[PDB]
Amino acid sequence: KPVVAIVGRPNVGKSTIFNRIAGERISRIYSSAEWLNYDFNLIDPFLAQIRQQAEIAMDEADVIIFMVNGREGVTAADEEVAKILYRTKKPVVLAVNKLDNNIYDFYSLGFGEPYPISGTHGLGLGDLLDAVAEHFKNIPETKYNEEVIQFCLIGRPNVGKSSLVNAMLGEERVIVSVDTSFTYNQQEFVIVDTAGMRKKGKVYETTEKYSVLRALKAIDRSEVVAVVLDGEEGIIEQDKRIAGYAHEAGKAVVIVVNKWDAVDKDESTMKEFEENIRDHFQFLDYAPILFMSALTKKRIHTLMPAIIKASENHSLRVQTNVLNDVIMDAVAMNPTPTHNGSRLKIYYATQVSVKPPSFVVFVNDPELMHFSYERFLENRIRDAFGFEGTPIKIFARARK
């Protein structure tokens, strides 16, 4: 059922690896071999023909193996493959072939951990396939075009979720075509699981636990999550746990306060509500807070742009040289701590993934990096690049 593709410039050993992991052809496409305790299927100038084959993988596969040649190091040819493979939200696992038994900066290709393999004698193959297979559980049931931005609204019953959607969809900039499809400024969007939020009126709400769980599945399926709070009734414990789940899952978040028409708006009421939110949702300092009214339509026009902005940052891919300049600047600004007699050293940093943006800093010892300092590095990356609306992950790793 899961489909796997091997992509890379010619002469990296794709065919050799393919033939090994491929069993027989199917009633074009191949099933995985018997020697594998994993069940899946396989799919079979310079730029022109790389681009075509890469775009077949990005179109047909669920997981892509990006293969390079360990004997050569990173070629400029490999770099153009990488640049093309940035175009997909589909998981890419990096395979460094022809290492019959010294992996550095393949990281530099920006897909994180390289997996050293050998078509020769299956060395490193267990690890590669484990990494490929980990992504299987996350393969979407409902599959939309890559261009589509999927998002969801969540919040307690009668916050105004249905009302927001309708006001939003009633805008001049929108064309509407279990999920709801539409375009805004001609960009394709999907609101995940709009059936779930409109199940009231069909059905009495006897408990909230199924709705909670059903909302977590929509979050799993989304890239941006709109956490909608009730301006009138204020914040509650249920709001934090779900927002907590969204943040933990690495989703872009925007916080929406609805029913703002119904609040006794003194000059400072908004700032106070903003501060209250920051205090209760301390893990969402990246998420912007939008005040609006689904009823009077005040500031409804600000929602979509925030969702767009948050989706962009969520999938933002930084250039390495700039990233390293930013981290050096930070260490120069704020020298690294000493943890039990030894000082932390940072050598290099690269982005390893998007959605959310994740970075690996190579260090002396990941133990010596305090969480506070990791938080400090996070803030300087944000200062430099923006990243509003999305969490970022930072990992310390030992060279070697």
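Take the two forms, superpose them, and find the largest set of C-alpha atoms that agree within 1.5 Å; that set is the rigid core. When you see a residue number, it is the position in the sequence shown, counting from 1.
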Between 302-310 and 198-206, greater root mean square CA displacement in 5 other deposited structures of this protein relative to the shown form, after rigid core superposition, belongs to 198-206
Between stretches 363-371 and 338-346, more displaced by Cα RMS in 5 other deposited structures of this protein (rigid core superposition): 338-346
Note whether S181 lacks coordinates in a third or more of the other compared entries that model its flanking residues. no
Does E80 have no coordinates in at least a third of the other PDB entries examined? no
With respect to the deposited sequence, how many residues separating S177 from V178 are not represented by coordinates: none, 1 to 3, 4 to 9, or 10 or more? 4 to 9
If the chain runs straight from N101 to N102, say none; otherwise bin the unmodelled deposited residues as 1 to 3, 4 to 9, or 10 or more. 4 to 9
